[PDB]
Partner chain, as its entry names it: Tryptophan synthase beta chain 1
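In the form deposited without its partner chain, a lone chain appears below as structure tokens.
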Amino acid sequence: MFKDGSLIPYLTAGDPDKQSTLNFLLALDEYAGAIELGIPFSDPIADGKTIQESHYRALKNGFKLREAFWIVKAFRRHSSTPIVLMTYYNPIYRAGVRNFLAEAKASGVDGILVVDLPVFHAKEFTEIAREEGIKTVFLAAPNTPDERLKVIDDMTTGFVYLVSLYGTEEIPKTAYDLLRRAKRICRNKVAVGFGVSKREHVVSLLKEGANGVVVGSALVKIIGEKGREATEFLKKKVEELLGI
């Protein structure tokens, strides 16, 4: 969904508030190949310590599911950068799949990643996403076998998101191994969410085949501390990771 060599910012919707989220998105657009917007959830058990804390913040501050569409809709008036909504299944499930997807499309969302999409529901979910014009992004971790990477690649219409709940400050061998296996199996492009924090991480991963590098941990971190005023520091961070 993005150019090769893209830096893909990840931000939590409503952290610390929807206007702030929008401000951050607008300030980072110029460096983004695509953007991931996460919907905060009460139990983000698939996320690392940092991002989990942002879900908690957003929620304490009163985030409401559809405020995410408000953010996307506002952002769209200024940019056409591909947007992928990231969320747990519960919210989607309760509001109604097709209703959610249709609404997401209408707001300007291009793709979606359901972190814990139950395999039982996987098939119909991908079909509805196709009918609604929303591309699919599936997740894979170091413990995902080659066989499942294949199955994941076949259902994927957007791109395959590879993650590593390892951290570091250096990229773990286990994450590099995941990437290698992915490049050897996927026809879909892949992005890597290995919690990068250094200029060398970005270069190394792109050098190693990642079509795009996600950068969330590093950004959410600054947001946890700066709040609404993280904006300028976020730009400096991205420029650092980009060598500019």
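Residue numbers count along the first chain shown, from 1.
Absent from the display: the form solved in complex with its partner chain. The rest refers to it.
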In terms of non-hydrogen atoms within 4.5 angstroms, which of the given stretches 96-104, 157-165, 77-85, 124-132 touches its partner chain in the bound PDB entry? 157-165
Selected contact from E200, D29, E53, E208, since only one has a non-hydrogen atom within 4.5 angstroms of its partner chain in the bound PDB entry: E53
Verify the flagged residues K64, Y89 and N143 against its partner chain in the bound PDB entry: is each one within 4.5 Å by a non-hydrogen atom? yes
Please check if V151 has a heavy atom lying within 4.5 Å of any heavy atom of its partner chain in the bound PDB entry. no
Does its partner chain get within 4.5 angstroms of any non-hydrogen atom of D177 in the bound PDB entry? no
Does the 4.5 Å heavy atom contact test between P44 and its partner chain in the bound PDB entry come out positive? yes
Given that the partner is absent here, does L117 sit within 4.5 Å of its partner chain in the bound PDB entry, heavy atoms only? yes
